[PDB]
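Presented below, as structure tokens, is a lone chain in the form deposited in one PDB entry.
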């Protein structure tokens, strides 16, 4: 089965792409990474940094997750990210997304040994 660490990579990692403005990016990526298959995932963030640099966040600042869990980690630097959010007309199975580039600290929940990102929690 897909591991928790691989699911994070499929859902949130896009290291090869730059922060260049790209208005259709989320419509393309939300489908390609299977985040529109069973429902429209309402919000999803992709990170344009290396996998090593994102895995390293699990050793950075321990902070509370949005839900109250306490195994989240905030990156010391802001990172090049893309926020994908459903549009007002989006309705499954016809999902549609707005793309927004940002530079923000990422917050991920980490698990396992080795200790790696398994959930993308927030950017601030």
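Numbering follows the first chain given and starts at 1. Just so we're on the same page, rigid core means the largest C-alpha set that superposes within 1.5 Å between forms.
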Greatest C-alpha divergence in 6 other deposited structures of this protein once each structure is fitted on the rigid core, 36 to 44 or 54 to 62: 36 to 44
Which stretch is more displaced from the shown form in 6 other deposited structures of this protein, 95 to 103 or 66 to 74, with RMS over structures and residues of Cα positions after a rigid core fit? 66 to 74
Look over 20 to 28 and 103 to 111 in the entry and identify the one with the greater average Cα temperature factor. 20 to 28
Between 34 to 42 and 54 to 62, name whichever shows the higher mean Cα B factor according to the PDB entry. 34 to 42
CA B-factor ranking of residue 81, expressed as a third of its chain: middle
Tell me, lowest, middle or highest third: where does the Cα B factor of residue 71 rank within its chain? lowest
